[PDB]
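Geometric and topological summary
Take a look at the letters that make up each chain.
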Amino acid sequence: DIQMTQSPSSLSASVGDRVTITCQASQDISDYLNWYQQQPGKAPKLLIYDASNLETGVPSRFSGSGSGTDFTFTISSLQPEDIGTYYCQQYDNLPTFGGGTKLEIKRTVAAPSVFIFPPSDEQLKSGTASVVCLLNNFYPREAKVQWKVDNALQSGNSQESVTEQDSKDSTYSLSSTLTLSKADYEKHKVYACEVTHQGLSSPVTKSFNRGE
Amino acid sequence: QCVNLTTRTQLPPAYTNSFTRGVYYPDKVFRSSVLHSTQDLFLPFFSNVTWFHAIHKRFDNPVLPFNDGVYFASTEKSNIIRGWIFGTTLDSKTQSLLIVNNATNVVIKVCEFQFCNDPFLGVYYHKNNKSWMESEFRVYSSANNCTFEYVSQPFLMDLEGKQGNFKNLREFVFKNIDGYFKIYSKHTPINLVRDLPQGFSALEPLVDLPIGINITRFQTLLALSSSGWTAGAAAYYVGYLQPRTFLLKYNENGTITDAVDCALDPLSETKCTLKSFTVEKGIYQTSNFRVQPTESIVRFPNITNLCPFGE
Amino acid sequence: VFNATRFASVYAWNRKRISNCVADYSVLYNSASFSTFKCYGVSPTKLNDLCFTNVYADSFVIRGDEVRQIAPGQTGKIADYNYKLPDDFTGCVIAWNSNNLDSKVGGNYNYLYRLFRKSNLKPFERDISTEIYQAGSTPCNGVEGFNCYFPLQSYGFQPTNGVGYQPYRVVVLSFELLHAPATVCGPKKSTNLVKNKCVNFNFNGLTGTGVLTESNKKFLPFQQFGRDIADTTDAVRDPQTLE
Amino acid sequence: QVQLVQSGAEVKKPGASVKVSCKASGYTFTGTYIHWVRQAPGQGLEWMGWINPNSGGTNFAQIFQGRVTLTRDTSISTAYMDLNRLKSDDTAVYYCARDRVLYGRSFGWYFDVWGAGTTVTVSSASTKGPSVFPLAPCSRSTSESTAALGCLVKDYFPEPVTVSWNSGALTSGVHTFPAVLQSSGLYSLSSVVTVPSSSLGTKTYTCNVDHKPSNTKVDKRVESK
Ligand SMILES: *[C@@H]1O[C@H](CO)[C@@H](O[C@@H]2O[C@H](CO)[C@@H](O[C@H]3O[C@H](CO)[C@@H](O)[C@H](O)[C@@H]3O)[C@H](O)[C@H]2NC(C)=O)[C@H](O)[C@H]1NC(C)=O
Ligand SMILES: *[C@@H]1O[C@H](CO)[C@@H](O[C@@H]2O[C@H](CO)[C@@H](O[C@H]3O[C@H](CO)[C@@H](O)[C@H](O)[C@@H]3O)[C@H](O)[C@H]2NC(C)=O)[C@H](O)[C@H]1NC(C)=O
Ligand SMILES: *[C@@H]1O[C@H](CO[C@@H]2O[C@@H](C)[C@@H](O)[C@@H](O)[C@@H]2O)[C@@H](O[C@@H]2O[C@H](CO)[C@@H](O)[C@H](O)[C@H]2NC(C)=O)[C@H](O)[C@H]1NC(C)=O
Ligand SMILES: *[C@@H]1O[C@H](CO)[C@@H](O[C@@H]2O[C@H](CO)[C@@H](O)[C@H](O)[C@H]2NC(C)=O)[C@H](O)[C@H]1NC(C)=O
Ligand SMILES: *[C@@H]1O[C@H](CO)[C@@H](O[C@@H]2O[C@H](CO)[C@@H](O)[C@H](O)[C@H]2NC(C)=O)[C@H](O)[C@H]1NC(C)=O
Ligand SMILES: *[C@@H]1O[C@H](CO)[C@@H](O[C@@H]2O[C@H](CO)[C@@H](O)[C@H](O)[C@H]2NC(C)=O)[C@H](O)[C@H]1NC(C)=O
Ligand SMILES: *[C@@H]1O[C@H](CO)[C@@H](O)[C@H](O)[C@H]1NC(C)=O
Ligand SMILES: *[C@@H]1O[C@H](CO)[C@@H](O)[C@H](O)[C@H]1NC(C)=O
Ligand SMILES: *[C@@H]1O[C@H](CO)[C@@H](O)[C@H](O)[C@H]1NC(C)=O
């Protein structure tokens, strides 16, 4: 095979910044490379072909360059429609894709608004319990959530879902869900989640007890 | 599906006379009140044309030569002759041309066909609705690399008929010259029981297919538990074109109304040399005769050793 | 026709039918990309002044050394068993060096040609047969044998190859001129029809001088012109209103 | 107007097979290769193979060779991909894509026109409708300034559940997070909204949940304890 690697797995860039993303082939590929953009929730679109030939009707800002093992794709000044995953693809021997580079809009730092949500009476009536820790409107993606009961750190029994970047103000949101049996839920008094994030001066704890 | 229908009765090959038929408009130009001399592939006058027919029993659809070109005429009622196969081996070793008028549209195709050893179409007859249905098309089993296809805009022909005589004479000329398969045709209304109608008519061009294949043979397609059937009554006639001068008469309306085959007999050669369809009393000089070669000779000095060009 | 990604192999040359359209050839002839542009019964400057009964484009790839065999009346293994022009050819042969499109660093072995045939093929015939050739006096059967061959060979196009061994794309444009009702024409604008006055007329590229008048002649649908004993045109069917 | 139109979402058991179709229009269907490319949930593209619609010839990536079968009906300009003995990580979006008609190199594949993509889901789980639970902060008196509240949609399998607030009358500050595929094989997602603490006395918030595979339309009114 020809294995291909893209150097930034993701790249945060401001509106008007210059973006450069590099694709390297394991073999020498001459100029037998194409580049495709995938905007969130659509099929890919061909942008550059033959390593540097710009396709019909695509914006003049997009460029491709280099030959041999190492290649580049460039956006001369980024525009907020350019946000997506960019994939390189060789055509020397069976058309293999690269791992993709996600672009995202760069923004200033912002703290998460933190909420916690107890299991409803209808949910506890099913014989299962789940409790949700919600982080709303923050920017540096990497927010880490710690789940505790009676000050003991939990693991594997919780999972987190992160939004795509909000088009209106370039910001993320996520929640973590912790899940327990109806028997496992009732035997602990204190329920907490703690968020550690670049947009906070120190970690913040949200918590409750059964009842109130 | 493919099947070899076997309940046929053996007859010897019949023949009939092509009086003055299978002349056609030689080029796409208007002319009127003129006698025009043209050299082309034409069916010779009074030539011996092979005669085929379906009845009761009989259904003769054999593979025939196709050499220099073909004149084909079907005398008819009830639309029994519907097309042709043309090619060189008819079995997917080479390309071949299918032309076929199924009941709803004409399809023309050039593919590496595996044709049946006995190709036909079939009509389910009179069945309860008092109507006749095409339901069978046993022409080929495979059609790989189709480099030309055409399918006509749809119609719906009548599949029924019973009358004591034929009503339609439908005539064709086929030529396969420098990659182009040229079709000329005419339809004439008639009343006859059993022969190629004696008379004169000129065929107009109707298509010029860019097929690009070798044609050496051809076979016609006819309309009929897979054996035991009735063939509908129809006849068709085949004769080969030859490179020959004709003198054509165009009338004042600019239609070919008569012709002289310029080598039929010595009088036709005088009509053709005088450029007139009537000849006054006299003695006329014509094309000089000359005996042609019986065989070739070569006589070179007998030498076995090759020349030392390598040295 | 000229910028499609994948041209045909020369043993299986593709034919495209051009019809019911305006053909400005001046852009093709003025473009210095074409290494060959040879016309065999018309001038390449006159192609815009004209109409054509039918037009075809034959497209294929060959080696620069075989481009001479695409001319009419030629001999050699492309002219013999791949692509023959008629000795009376009318049309234009157009060719350009496709080393940026049809050459691969390991060889683009996708472009076949016929290497053997029992005899040379007819003008505009296409040989697609893959049956095993016999060179010796012995018969040969199955897939292979001694003095037997597969009849197709592949061209080894690499961008390293010497001048004349690179690939060339060929389009042969072929047509029949001024005889019949045209559906491909150069970019000329029509005037109104002037009758009963002496005029310089031009019908479908049939230029002339004369008094035009209403005719009682009926042409059949396949006829565009009428001629005299002297071969001169003496009637015509107007191409916009079919009088 | 060149286009490739595909079959709707496919849902399958392990060890079965799936028949994605790709109806072409706006160009001569025999002119160029049709490639088949797939994309697993939240992961990169993967080329499976091509068919040349003129010759019926095909080539496959080695992982799929002996699994994928590519075919085509030229009479209806439709290319097909058949994938056999399906495993859980064959859950993916499957695209057909055309190989560039003009200006390329004669070898090169490309993918210039893409179909809309067909989601295939390969898993043991049966079709099931969502159970929808209200989310509210803690108590009414522990709320402050801007509150957040929501509904959690739990244990439903035929993928694509749609959530909307007050029949679509409320959209400012709404989220509906991407679903998580649980260890039981059933999906879940959380949908949430921000509102002033002052508006909870004026109006009430209802999440409306539509799950088409189960024909299950369910509405939850969300109220602060
Ligand atoms: C005579 O042979 C013909 C060629 O095989 C065959 O033509 C096929 O007929 C069907 C039905 O009329 C057509 O069906 C399609 O028609 C249009 C196409 O735009 C669509 O609106 C329809 O939904 C449908 O898809 C086929 O298109 C046509 N085949 C081809 C290649 O065009 C006739 O049916 C044959 N006649 C009889 C009596 O069997
Ligand atoms: C006419 O139709 C033929 C049948 O569809 C088609 O045959 C195809 O020929 C190619 C070239 O040999 C085959 O390609 C494979 O050949 C062998 C297979 O064992 C391998 O050595 C090659 O690497 C390659 O895999 C196709 O498989 C074959 N198609 C079929 C269905 O058998 C002709 O080529 C067609 N004629 C044309 C396009 O002019
Ligand atoms: C000139 O020589 C070429 C080939 O060179 C010789 O090829 C061998 C036969 C052997 O002598 C080597 O040491 C030389 O290098 C001849 O070309 C051949 O021609 C025959 C037909 O006569 C053909 O079957 C072969 O395929 C050709 N092979 C090659 C490599 O060209 C050529 O015939 C010689 N010319 C003369 C006048 O002898
Ligand atoms: C129809 O009949 C012909 C001849 O009766 C069959 O042709 C034979 O085909 C086999 C192979 O299948 C050959 O071994 C024979 O030598 C052929 N015979 C002749 C005389 O050529 C043909 O196969 C039959 N087809 C069907 C569908 O019945
Ligand atoms: C040329 O064609 C015209 C019709 O276009 C023929 O004219 C008809 O002739 C008959 C017999 O003389 C008359 O009864 C009709 O009234 C005529 N019709 C018209 C419209 O004039 C004419 O006869 C043909 N000439 C030849 C030599 O065949
Ligand atoms: C068209 O097809 C015929 C029949 O296959 C070809 O004729 C054969 O040609 C070879 C040439 O070496 C001869 O050995 C055979 O004796 C011929 N067969 C017959 C029945 O005469 C013909 O050559 C093909 N046309 C062209 C241009 O090649
Ligand atoms: C036609 O040719 C055959 C011999 O092939 C002969 O028997 C028959 O009598 C001929 N017919 C005429 C009208 O000469
Ligand atoms: C009768 O005609 C109808 C349609 O007209 C058709 O569906 C049916 O098969 C026909 N039956 C027979 C026995 O021909
Ligand atoms: C060309 O257009 C004119 C009107 O603009 C019309 O009368 C004529 O029928 C058209 N030409 C043809 C060949 O139909």
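Residues numbered from 1 in each chain as written, not as in the entry; some residues may be left out. Chains lettered and ligands numbered in written order. Part of a larger assembly, values for the part shown. Heavy atoms only, no water. Residues with missing side-chain atoms left out of burial classes, pairs and counts.

Per the PDB entry, chain C goes by the name Spike glycoprotein and belongs to Severe acute respiratory syndrome coronavirus.

The name recorded for chain A in the PDB entry is SP1-77 Fab light chain, from Homo sapiens.

**Quick word on the sheet that holds strand β22 (residues 256–261) of chain B**
Residue and element names in this part refer to chain B. To be explicit about the condition: Strand pairing is assigned whenever DSSP identifies at least 2 bridges connecting the two strands. Comment: elements are numbered from the N terminus, with helices defined as DSSP H or I runs of at least four residues and strands as E runs of at least two. Axis definition: a line fit to C-alpha positions, over the contact stretch in the case of helices; interaxial angles, taken between N-to-C directions, run 0 to 180 degrees. Contacts are assigned to residue pairs that have any heavy atoms within 4.5 Å of one another.
Spatially, three strands are ordered β3-β21-β22 in an open sheet, and the strand pairing comes out antiparallel. Of all the strands in the sheet, the pair left with one neighbour each is β3 (34–42) and β22. On average, adjacent strands in this sheet sit at an angle of 30° to one another, irrespective of strand direction. Here five bridges tie strand β21 (residues 242–250) to β22, and the two strands are oriented antiparallel to one another. Within β22, the residue paired with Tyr250 across the bridge is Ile256. Packing against the sheet, helix α1 (residues 266–274) makes contact with β21 and β22, and its axis sits at approximately 120° to β22.

**Observations regarding the site of ligand 4**
Residue and element names in this part refer to chain B. Rules: By convention in these notes, a residue is near a molecule or strand provided one of its non-hydrogen atoms lies within 4 Å of it. Any N or O atom pair separated by 3.5 Å or less is treated as a polar contact, with the protein-specific requirement of one donor-capable and one acceptor-capable atom, and with residues adjacent in sequence counted only for side-chain atom pairs. Here the open area of atoms and residues is found with the Shrake-Rupley method and a 1.4 Å probe, where only the protein chains shown may cover a residue.
All residues adjacent to ligand 4 are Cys2, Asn4 and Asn117. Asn4 places a side-chain nitrogen or oxygen 2.4 Å from an oxygen atom of ligand 4. Relative to its free-state accessible area of 580 Å², ligand 4 is covered by the protein chains to the extent of 19%.

**A few points about the state of the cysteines**
Counted only if it meets this: Note on terminology: disulfide denotes any pair of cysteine sulfur atoms within 2.5 Å.
The full count for this structure, using the stated rule, is 10 disulfides over all chains. What pairs with B:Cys111 in a disulfide is B:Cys146, and their sulfur atoms sit 2.0 Å apart. Classification of the bridge connecting B:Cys111 and B:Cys146 rests on its S-S torsion, roughly 105°, and on that basis the disulfide is right-handed. Of the two residues, B:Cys111 sits in strand β10 (residues 106–111) while B:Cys146 sits in the loop between β14 (140–143) and β15 (148–151), which places them 35 residues apart along the sequence. Disulfide connectivity for chain C, with bonded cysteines indexed by sequence position, reads 1-3, 2-6, 4-5. If one numbers only the bonded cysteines of chain A, in the order they occur, the disulfide pattern is 1-2, 3-4. Free of any disulfide, C:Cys21 has its nearest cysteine sulfur in C:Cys185, 9.3 Å distant.

**A closer look at the site of ligand 8**
B:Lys127, B:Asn129 and B:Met133 make up every residue found near ligand 8. Within the complex, the protein chains bury 40% of what would otherwise be the 370 Å² of accessible surface of ligand 8.

**Observations concerning α1(B)**
All names here are of chain B. Test applied: Residue exposure (1.4 Å probe, protein chains only): buried if accessible area is under 20% of the type maximum, exposed if over 50%, otherwise partly exposed.
The set of residues buried in α1 consists of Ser268, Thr270 and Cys272. In this fold, the buried residues of α1 make contact with β21 and β22. Where α1 ends, the next residue or the one after it, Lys275, has phi of about 60°, a positive value.

**Focus: the interface of chain C and chain B**
Formally: Buried surface area refers to the total accessible area, computed with a probe of radius 1.4 Å, that the two partners give up upon joining, counted for both partners together. Each salt bridge in this description consists of a side-chain nitrogen of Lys or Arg and a carboxyl oxygen of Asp or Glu lying within 4 Å of one another.
On the chain B side, the residues contacting the 26 residues of chain C number 21 residues. Summed over both partners, the interface of chain C with chain B buries about 2,100 Å², with 55% contributed by carbon and sulfur atoms. The tally of links between chain C and chain B comes to zero salt bridges. For the pair chain C and chain B, the interface holds six residue pairs in polar contact.

**Notes on the nonpolar core**
Taken as a class, soluble globular proteins show a tendency for nonpolar side chains to be buried jointly. To keep things clear, this is the line we draw: We define a nonpolar core as any set of buried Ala, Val, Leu, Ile, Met, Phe, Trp, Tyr and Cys residues linked to one another through side-chain atoms lying within 4.5 Å.
Ranked by size, the top nonpolar core spans 69 residues in total, and within it A:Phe73, A:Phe97, D:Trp36, D:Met81 and D:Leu83 carry the most contacts. Dropping the residues within four chain positions of it, A:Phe97 is found in contact with A:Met4, A:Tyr36, A:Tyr87, A:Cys88, A:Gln89, D:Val37, D:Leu45, D:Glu46, D:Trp47, D:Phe111 and D:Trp114. Core analysis: the second largest hydrophobic core is formed by 43 residues, C:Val55, C:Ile62, C:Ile78 and C:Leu177 among them.

**Structural notes on the packing of aromatic side chains**
Aromatic ring pairs are described here by two measures, namely the spacing of the ring centres and the angle between the planes. Quick reminder of the rule: Note on aromatic contacts: the rings of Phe and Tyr and the six-membered ring of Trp form a pair at centre separations within 6.5 Å, being stacked when their planes are under 30 degrees apart, edge-to-face when over 60 apart, and tilted otherwise.
Within this structure, the stated rule accounts for 72 aromatic pairs over all chains. Ring geometry for A:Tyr36 versus D:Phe111: centroids 5.9 Å apart, planes at 50°, classification tilted. Note that A:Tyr36 is positioned in strand β4 (residues 33–38) and D:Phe111 in the loop between β9 (92–98) and β10 (113–114), a pairing that runs across two chains. With relative accessibility at 0%, the residue A:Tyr36 sits in the buried group. A residue is classified by how much of its surface remains accessible, and D:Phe111, at 0% relative accessible area, is buried.

**A look at a negative patch on the surface**
The following threshold applies: In this analysis, a patch consists of residues with relative accessible area above 30% that form no salt bridge, clustered at 9 Å for like charges and at 5 Å for the nonpolar side chains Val, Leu, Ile, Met, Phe, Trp and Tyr. The charge count treats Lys and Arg as positive and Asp and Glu as negative. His and the chain ends do not count. Charge placement uses NZ in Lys and CZ in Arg. For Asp and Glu, CG and CD serve respectively.
Among the surface-exposed residues, B:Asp178, C:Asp87, C:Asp88 and C:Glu176 lie close enough to one another that they form a single negatively charged patch. Within the element layout of this structure, B:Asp178 appears in the loop between β16 (166–177) and β17 (180–192). In this structure B:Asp178 comes out as partly exposed when scored by relative accessible area, which is 32%.

**Regarding the interface of chain D and chain A**
Selection rule: Each residue is assigned to one of three groups, with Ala, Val, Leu, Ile, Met, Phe, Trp, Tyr, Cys and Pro labelled nonpolar, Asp, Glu, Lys and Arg labelled charged, and all others, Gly among them, labelled polar.
Tallying the contact residues gives 46 residues for chain D and 40 residues for chain A. For the pairing of chain D and chain A, the buried interface totals around 3,600 Å² over both sides, and the portion due to carbon and sulfur atoms is 62%. Contact with chain A buries area across many residues of chain D, yet D:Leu45, D:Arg105 and D:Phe177 alone supply 15% of it, more than any other trio. Counting across the interface, chain D meets chain A through 10 residue pairs in polar contact. For the side of chain D that touches chain A, the elements supplying multiple residues, two or more each, are β4 (34–39), β5 (45–51), β6 (58–60), β12 (131–135), β13 (146–156), β16 (180–181) and β17 (187–196) of chain D. Counting residues per element, the side of chain D that touches chain A draws most heavily on β13(D), at six residues. Here the side of chain D that touches chain A is built from residues that sort into 27 nonpolar, 13 polar and six charged.

**Observations regarding the domain arrangement of chain A**
All names here are of chain A. Heads up, the rule is: The domain boundaries here were taken from an automatic or database domain assignment.
We note that the domain assignment places domain 1 (4–105) and domain 2 (113–209) within chain A. Taking only C-alpha atoms, the centre of domain 1 and the centre of domain 2 are 36 Å apart. Residue-level contacts link four residues of domain 1 with five residues of domain 2. A buried area of about 400 Å², summed over both sides, lies between domain 1 and domain 2, and 34% of it is on carbon and sulfur atoms.

**Points about the pairing of β4(A)**
Residue and element names in this part refer to chain A. Across the six residues of β4, six count as buried, placing the element largely inside the fold. Here β4 shows a buried face lined by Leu33, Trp35 and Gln37 and a second buried face lined by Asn34, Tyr36 and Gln38. In the sheet, β4 pairs with strand β5 (residues 45–49) via three bridges, with the strands oriented antiparallel. Residue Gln37 lies in a different strand from β5, and its bridge partner there is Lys45. Hairpin connection between β4 and β5: a loop of six residues separates the two successive antiparallel strands, and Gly41 in this loop has a positive phi of roughly 80°.

**Focus: unusual backbone geometry**
Residues and elements named next belong to chain B. The phi torsion at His56 lies on the positive side, around 45°, for a residue other than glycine. Mapped onto the secondary structure, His56 falls in the loop between β4 (47–55) and β5 (58–59). One non-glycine residue, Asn128, lies in the positive phi region at around 55°.

**Thoughts on the side chain of B:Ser201**
Residue and element names in this part refer to chain B. By the secondary structure assignment, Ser201 is in strand β18 (residues 200–209). For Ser201, a relative accessible area of 15% translates into the label buried. Discounting chain neighbours no more than four positions away, the residues touching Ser201 are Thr20, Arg21, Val23, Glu171 and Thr188.

**Points about the pattern of salt bridges**
Counting across every chain of the model gives 29 salt bridges over all chains. Measuring nitrogen to oxygen at the nearest pair gives 2.7 Å for the salt bridge that ties C:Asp58 to C:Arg15. Taken together, the residues span a long stretch of sequence, with C:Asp58 in strand β4 (residues 51–63) and C:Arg15 in strand β1 (residues 14–18) at a distance of 43 residues. Of the two residues, C:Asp58 and C:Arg15, both sit in the buried class. Overlapping salt bridges bring together D:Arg38, D:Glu46, D:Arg67 and D:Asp90 as one network.

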